[PDB]
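Participant: Before we start, here is the structure in question, set down as structure tokens.
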Amino acid sequence: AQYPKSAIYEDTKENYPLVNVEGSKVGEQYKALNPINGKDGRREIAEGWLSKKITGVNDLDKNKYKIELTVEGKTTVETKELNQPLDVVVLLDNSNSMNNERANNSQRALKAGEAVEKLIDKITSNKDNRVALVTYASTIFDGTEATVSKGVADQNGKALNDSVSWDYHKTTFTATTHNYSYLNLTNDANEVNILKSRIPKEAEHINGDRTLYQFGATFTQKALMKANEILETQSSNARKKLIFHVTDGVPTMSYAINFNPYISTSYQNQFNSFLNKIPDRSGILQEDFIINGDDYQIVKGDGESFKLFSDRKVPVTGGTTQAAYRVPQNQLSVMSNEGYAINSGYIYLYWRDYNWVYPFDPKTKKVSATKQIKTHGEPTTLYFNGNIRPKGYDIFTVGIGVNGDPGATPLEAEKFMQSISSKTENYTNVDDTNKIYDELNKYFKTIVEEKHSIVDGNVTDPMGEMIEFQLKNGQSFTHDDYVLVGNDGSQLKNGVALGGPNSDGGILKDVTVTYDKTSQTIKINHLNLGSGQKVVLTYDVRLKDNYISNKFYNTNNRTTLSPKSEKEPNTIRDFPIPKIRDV
Ligand SMILES: [Li+]
Ligand SMILES: [Mg+2]
């Protein structure tokens with residue numbers, strides 16, 4: 001009437017506690033003992049989990065118990081080139097166009113966001129890999145205060161907001177952005193969950209938060225820059241470096257090329273000079289962009305177009321003539337005094353200079369007589385070639401119904417997106433937002449291989465010395481004498497797997513359960529178990545007649561798993577073993 005508190009694994013020598021089996025009660029004394037906990041009873045091993053426990057007392061007086069045995073496996077990704085850890089930065093477009101309503105409720109932001117979450121999970125299925133996330137639009141959505149410039153101007157470039165929803169003075173906006181970024185590379189399980197909680201699932205509505213709606217354009221350059229900065233300062237050559245970029249549009253903002261109006265050469269020469277600093281002459285160094293300022297003061301574009309404007313006059317919507325702003329009567333006096341160029345109640349509207357074709361002379365406003373930057377793709381591609389291509393990062397780009405709106409042709413747009421990927425084949429434009437994840441997964445598969453932890457594995461379960469395996473007829477082992485089921489709802493029926501999603505036997509296809517009458521050993525053969533694939537074996541046992549009183553007997557001899565019985569026959573994991581006794 002005394003109990004052993006615990007026993008010992010034969011593969012690692014570490015202890016496992018033995019609890020009491022409740023249903024085995026003979027008034028305040030216990031007849032059987034289970035290992036680990038009184039619940040699921042799992043033992044974690046490098047290939048997954050395994051348990052072996054009495055789940056049922058069949059007949060207490062006669063010592064008849066029901067053993068349950070379970071095996072659950074794992075998956076990882078190992079990187080094809082030389083088990084090298086990855087450092088991965090996801091770039092996610094969260095522009096207004098990504099709103100779930102848009103493109104006939106195509107659910108861009110939701111679907112993209114979920115693709116990213118899935119990819120982040122797969123990536124981090126390898127404890128070693130690291131992830132970081134940058135969500136962007138007019139700026140990086142990282143939970144800090146940001147400013148953007150908006151509006152139009154009169155003929156002397158005095159700025160006004162011409163929208164009837166805003167005061168005319170509202171020509172910059174300032175807001176705290178949503179925190180949709182995680183800007184340190186991390187592999188910490190908790191930090192990764194935080195990172196996942198920051199992946200946007202929606203974008204702004206024009207009549208939702210109208211302020212943040214002003215920050216919903218596409219500044220692809222700032223994002224690319226941020227991915228580069230994270231890798232450059234946080235990664236190493238120890239690690240392989242990947243960038244996945246999910247986007248729904250061509251850039252509509254960009255950093256300016258730092259043309260210099262005060263030196264005496266053609267802007268085309270200044271340009272050729274920027275390029276000549278680079279081995280391949282394909283790009284412009286960071287030092288030659290205007291970066292060191294506040295975005296609203298220095299950037300080009302405001303979300304309006306991929307194009308910068310030759311004609312500085314705002315045209316009428318679907319028309320040719322110059323748009324004009326009817327001044328409200330109660331504001332005529334004030335705008336006049338302020339200095340606006342008012343022509344009999346109306347202000348004629350020009351694009352603000354940040355949207356003009358450039359360079360142009362700061363004094364005379366005259367456009368360059370030579371080189372002209374006419375799009376936001378050009379400078380973005382130049383920055384990319386100049387500062388990112390060199391580093392050799394693998395760069396995949398999944399576009400979502402990219403077509404060039406606003407201001408690019410579909411062809412112009414495909415070229416741009418190719419130009420900001422590692423190879424031409426590293427950009428794919430999907431026509432349907434359910435393919436977003438397939439596409440991200442193809443590319444990732446390029447770099448990694450999925451490996452299930454249990455490949456042709458074997459369980460060996462010999463009965464303990466005082467134990468009788470129960471046979472329904474006392475003589476022959478039959479398929480009626482054990483039950484094997486998989487957590488995908490498949491089962492061995494008469495030694496043939498049936499069930500699971502494809503009516504093919506699932507998880508249990510070609511698995512077999514065999515028995516050796518002599519050694520009294522039950523075996524599971526041919527297990528192939530990935531992540532969250534689990535198999536459960538139940539059978540019946542009886543304690544043999546020749547037993548010694550109040551002495552706990554083991555239910556099995558050494559019970560083991562061989563996770564890969566071909567790939568590493570020597571890898572052998574122990575199962576915990578219950579114990580029983582009677583008088
Ligand atoms: Li039988
Ligand atoms: Mg967009």
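Ordered as shown in the structure tokens, chains take letters A, B, and onward, while each chain numbers its residues from 1 and ligands are numbered from 1 in the order shown.
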At a cut-off of 12 Å and counting only C-alpha atoms and all ligand atoms, what residues surround ligand 2? Please answer as a ChimeraX atom specification.
Facilitator: /A:92-100,102-103,108-109,136-138,203-204,213,215-220,246-253,303-306,399-406
Participant: Got time to write the residues from that selection, N, CA and C atoms, as a short mmCIF file (atom, residue, chain, number, x, y, z; two decimals), in the first residue's frame?
Facilitator:
```
data_model
loop_
_atom_site.label_atom_id
_atom_site.label_comp_id
_atom_site.auth_asym_id
_atom_site.auth_seq_id
_atom_site.Cartn_x
_atom_site.Cartn_y
_atom_site.Cartn_z
N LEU A 92 4.60 45.35 -46.48
CA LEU A 92 3.15 45.25 -46.73
C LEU A 92 2.55 46.61 -47.04
N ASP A 93 2.06 46.74 -48.27
CA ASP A 93 1.26 47.91 -48.69
C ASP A 93 -0.13 48.04 -47.97
N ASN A 94 -0.35 49.18 -47.32
CA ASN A 94 -1.58 49.41 -46.62
C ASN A 94 -2.24 50.69 -47.10
N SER A 95 -2.08 50.97 -48.38
CA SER A 95 -2.68 52.13 -48.99
C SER A 95 -4.21 52.04 -49.03
N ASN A 96 -4.86 53.21 -49.13
CA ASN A 96 -6.32 53.29 -49.19
C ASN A 96 -6.88 52.27 -50.18
N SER A 97 -6.22 52.11 -51.34
CA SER A 97 -6.71 51.15 -52.34
C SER A 97 -6.86 49.70 -51.86
N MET A 98 -6.29 49.38 -50.70
CA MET A 98 -6.26 48.03 -50.15
C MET A 98 -7.46 47.78 -49.29
N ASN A 99 -8.27 48.82 -49.07
CA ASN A 99 -9.47 48.71 -48.27
C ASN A 99 -10.29 47.54 -48.75
N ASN A 100 -10.91 46.82 -47.83
CA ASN A 100 -11.63 45.61 -48.23
C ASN A 100 -12.80 45.79 -49.20
N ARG A 102 -12.86 47.77 -51.70
CA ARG A 102 -12.40 48.14 -53.04
C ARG A 102 -12.27 46.95 -53.97
N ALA A 103 -12.24 47.26 -55.27
CA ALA A 103 -12.17 46.28 -56.36
C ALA A 103 -13.22 45.17 -56.22
N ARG A 108 -8.63 42.89 -50.29
CA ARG A 108 -7.19 43.00 -50.36
C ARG A 108 -6.49 43.05 -49.01
N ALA A 109 -6.85 44.01 -48.16
CA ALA A 109 -6.13 44.17 -46.94
C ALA A 109 -6.29 42.94 -46.05
N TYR A 136 3.47 50.03 -44.93
CA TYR A 136 3.70 51.36 -45.47
C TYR A 136 2.55 51.85 -46.33
N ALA A 137 2.51 53.15 -46.53
CA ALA A 137 1.58 53.80 -47.42
C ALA A 137 2.28 55.12 -47.73
N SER A 138 1.76 56.24 -47.23
CA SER A 138 2.45 57.52 -47.44
C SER A 138 3.65 57.61 -46.51
N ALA A 203 -7.68 48.76 -44.47
CA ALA A 203 -7.09 50.08 -44.67
C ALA A 203 -8.13 51.16 -44.36
N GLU A 204 -7.75 52.43 -44.45
CA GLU A 204 -8.65 53.51 -44.13
C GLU A 204 -9.77 53.72 -45.19
N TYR A 213 -6.69 59.07 -43.65
CA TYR A 213 -6.97 58.70 -45.04
C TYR A 213 -6.03 59.45 -45.95
N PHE A 215 -2.89 59.75 -45.50
CA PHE A 215 -1.61 59.05 -45.44
C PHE A 215 -1.68 57.72 -46.16
N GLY A 216 -2.65 57.56 -47.05
CA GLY A 216 -2.90 56.27 -47.65
C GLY A 216 -2.43 56.09 -49.07
N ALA A 217 -1.41 56.84 -49.46
CA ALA A 217 -0.81 56.76 -50.79
C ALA A 217 0.31 55.68 -50.82
N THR A 218 1.08 55.56 -51.90
CA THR A 218 2.16 54.57 -51.98
C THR A 218 3.62 55.12 -52.09
N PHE A 219 4.35 55.13 -50.97
CA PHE A 219 5.74 55.59 -50.97
C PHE A 219 6.68 54.35 -50.96
N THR A 220 6.72 53.61 -52.06
CA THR A 220 7.47 52.35 -52.14
C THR A 220 8.95 52.52 -51.74
N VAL A 246 4.50 42.79 -50.54
CA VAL A 246 3.12 42.66 -51.03
C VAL A 246 2.62 44.05 -51.34
N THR A 247 2.22 44.29 -52.57
CA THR A 247 1.79 45.64 -52.95
C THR A 247 0.66 45.61 -53.97
N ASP A 248 -0.08 46.71 -54.04
CA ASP A 248 -1.26 46.82 -54.86
C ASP A 248 -1.18 48.02 -55.80
N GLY A 249 0.00 48.66 -55.87
CA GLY A 249 0.16 49.80 -56.76
C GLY A 249 1.58 50.26 -57.03
N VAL A 250 1.77 50.99 -58.12
CA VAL A 250 3.04 51.65 -58.39
C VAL A 250 3.19 52.85 -57.45
N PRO A 251 4.44 53.25 -57.13
CA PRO A 251 4.63 54.33 -56.17
C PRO A 251 3.95 55.59 -56.66
N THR A 252 3.52 56.45 -55.73
CA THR A 252 2.97 57.75 -56.11
C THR A 252 3.64 58.82 -55.30
N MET A 253 4.66 58.43 -54.57
CA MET A 253 5.55 59.39 -53.94
C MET A 253 7.00 58.89 -54.07
N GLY A 303 0.37 61.32 -53.73
CA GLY A 303 -0.54 60.20 -53.81
C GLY A 303 -1.32 60.37 -55.07
N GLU A 304 -1.24 61.55 -55.66
CA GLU A 304 -1.97 61.85 -56.87
C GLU A 304 -1.66 60.94 -58.02
N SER A 305 -0.40 60.83 -58.41
CA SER A 305 -0.08 60.04 -59.63
C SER A 305 1.29 59.39 -59.57
N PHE A 306 1.48 58.39 -60.42
CA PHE A 306 2.80 57.83 -60.73
C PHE A 306 3.59 58.84 -61.51
N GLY A 399 2.32 41.30 -56.38
CA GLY A 399 1.39 42.38 -56.61
C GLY A 399 -0.02 41.85 -56.62
N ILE A 400 -0.97 42.73 -56.29
CA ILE A 400 -2.37 42.40 -56.18
C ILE A 400 -3.12 43.25 -57.19
N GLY A 401 -3.34 42.65 -58.34
CA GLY A 401 -4.13 43.27 -59.37
C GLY A 401 -3.49 44.56 -59.78
N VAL A 402 -2.15 44.57 -59.83
CA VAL A 402 -1.39 45.78 -60.20
C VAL A 402 -1.73 46.12 -61.65
N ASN A 403 -2.04 47.38 -61.93
CA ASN A 403 -2.34 47.74 -63.31
C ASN A 403 -1.90 49.13 -63.71
N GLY A 404 -1.30 49.86 -62.79
CA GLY A 404 -0.70 51.12 -63.15
C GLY A 404 -1.44 52.34 -62.68
N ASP A 405 -2.67 52.15 -62.20
CA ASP A 405 -3.49 53.26 -61.66
C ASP A 405 -2.78 53.77 -60.41
N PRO A 406 -2.67 55.10 -60.23
CA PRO A 406 -2.96 56.15 -61.20
C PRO A 406 -1.74 56.58 -62.03
#
```
Participant: Find the spatial neighbours of range 359-369 of chain A, counting only C-alpha atoms, within a cut-off of 7 Å - ignore same-chain residues fewer than 4 positions away - and output them as JSON, numbers by chain.
Facilitator: {"A": [259, 261, 267]}
Participant: Please write out the residues within 9 Å of ligand 1 as a list in words, counting only C-alpha atoms and all ligand atoms.
Facilitator: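 If we count only C-alpha atoms and all ligand atoms, the neighbours of ligand 1 turn out to be residues 470, 471, 472, 473, 474, 475, 476, 477, 478, 479, 480 and 481 of chain A.
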Participant: Okay, now the selection with N, CA, C and O atoms, as an mmCIF file, in the first residue's frame?
Facilitator:
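Result written to again_27.cif:
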```
data_model
loop_
_atom_site.group_PDB
_atom_site.id
_atom_site.type_symbol
_atom_site.label_atom_id
_atom_site.label_comp_id
_atom_site.auth_asym_id
_atom_site.auth_seq_id
_atom_site.Cartn_x
_atom_site.Cartn_y
_atom_site.Cartn_z
ATOM 1 N N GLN A 470 -4.722 -8.653 -24.483
ATOM 2 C CA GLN A 470 -6.054 -9.264 -24.602
ATOM 3 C C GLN A 470 -6.416 -9.537 -26.021
ATOM 4 O O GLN A 470 -6.385 -8.655 -26.855
ATOM 5 N N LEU A 471 -6.743 -10.781 -26.286
ATOM 6 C CA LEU A 471 -7.228 -11.172 -27.578
ATOM 7 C C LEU A 471 -8.699 -11.537 -27.404
ATOM 8 O O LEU A 471 -9.059 -12.212 -26.445
ATOM 9 N N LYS A 472 -9.553 -11.101 -28.321
ATOM 10 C CA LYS A 472 -10.991 -11.298 -28.160
ATOM 11 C C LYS A 472 -11.378 -12.776 -28.146
ATOM 12 O O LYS A 472 -12.355 -13.125 -27.506
ATOM 13 N N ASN A 473 -10.615 -13.646 -28.818
ATOM 14 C CA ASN A 473 -10.895 -15.084 -28.808
ATOM 15 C C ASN A 473 -9.880 -15.857 -28.009
ATOM 16 O O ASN A 473 -9.837 -17.079 -28.072
ATOM 17 N N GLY A 474 -9.017 -15.158 -27.291
ATOM 18 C CA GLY A 474 -7.959 -15.811 -26.501
ATOM 19 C C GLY A 474 -6.814 -16.478 -27.260
ATOM 20 O O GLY A 474 -5.817 -16.854 -26.637
ATOM 21 N N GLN A 475 -6.935 -16.616 -28.587
ATOM 22 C CA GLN A 475 -5.964 -17.352 -29.384
ATOM 23 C C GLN A 475 -5.229 -16.543 -30.478
ATOM 24 O O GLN A 475 -3.990 -16.544 -30.488
ATOM 25 N N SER A 476 -5.965 -15.867 -31.371
ATOM 26 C CA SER A 476 -5.399 -15.185 -32.523
ATOM 27 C C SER A 476 -5.454 -13.682 -32.389
ATOM 28 O O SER A 476 -6.430 -13.151 -31.847
ATOM 29 N N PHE A 477 -4.452 -12.971 -32.899
ATOM 30 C CA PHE A 477 -4.503 -11.502 -32.909
ATOM 31 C C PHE A 477 -5.288 -11.060 -34.128
ATOM 32 O O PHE A 477 -4.984 -11.521 -35.208
ATOM 33 N N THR A 478 -6.291 -10.189 -33.988
ATOM 34 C CA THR A 478 -7.128 -9.820 -35.126
ATOM 35 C C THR A 478 -7.185 -8.321 -35.148
ATOM 36 O O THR A 478 -6.755 -7.679 -34.200
ATOM 37 N N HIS A 479 -7.758 -7.757 -36.210
ATOM 38 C CA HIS A 479 -7.995 -6.325 -36.283
ATOM 39 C C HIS A 479 -9.036 -5.847 -35.267
ATOM 40 O O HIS A 479 -9.176 -4.652 -35.043
ATOM 41 N N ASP A 480 -9.738 -6.765 -34.615
ATOM 42 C CA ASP A 480 -10.717 -6.362 -33.610
ATOM 43 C C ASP A 480 -10.066 -6.143 -32.253
ATOM 44 O O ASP A 480 -10.697 -5.671 -31.334
ATOM 45 N N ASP A 481 -8.781 -6.446 -32.157
ATOM 46 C CA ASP A 481 -8.077 -6.397 -30.916
ATOM 47 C C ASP A 481 -7.281 -5.126 -30.609
ATOM 48 O O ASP A 481 -6.612 -5.052 -29.553
#
```
Participant: Please, which residues of range 29-124 of chain A, numbered as in this document, come out strand (DSSP E or B) from DSSP, as a ChimeraX atom specification?
Facilitator: /A:30,32-35,43-45,48-59,64-73,75-79,86-93
Participant: For each of A:221, A:491, A:4, A:25, take the minimum atom-to-atom distance to residue 503 in chain A, counting only C-alpha atoms, then give the residue where this is smallest.
Facilitator: A:491
Participant: Can you tell me how far CA of residue 458 in chain A sits from CA of residue 559 in chain A, in Å to one decimal?
Facilitator: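 So the answer is 10.7 Å.
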Participant: So that I can see what lies close to residue 44 in chain A, please list as a count of residues only the residues with an atom at most 12 Å from it, counting only C-alpha atoms and leaving out residues fewer than 3 positions away in the same chain.
Facilitator: 17
Participant: Leaving out residue 127 in chain A and any residue of its chain fewer than 5 positions from it, which residues lie within 9 Å of it when counting only C-alpha atoms, given as JSON, numbers by chain?
Facilitator: {"A": [187, 188, 189]}
Participant: Assign secondary structure with DSSP using the backbone only, and return the residues of range 188-280 of chain A in alpha helix (DSSP H) as a count of residues only.
Facilitator: 38
Participant: Using only C-alpha atoms, can you tell me which of A:488, A:499, A:195, A:254 comes closest to residue 298 in chain A?
Facilitator: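 Under the stated criterion, the closest residue is A:254.
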Participant: Looking at A:143, A:151, A:379, A:339, which one is nearest to residue 175 in chain A, with distances taken over only C-alpha atoms?
Facilitator: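 Counting only C-alpha atoms, the residue closest to residue 175 in chain A is A:143.
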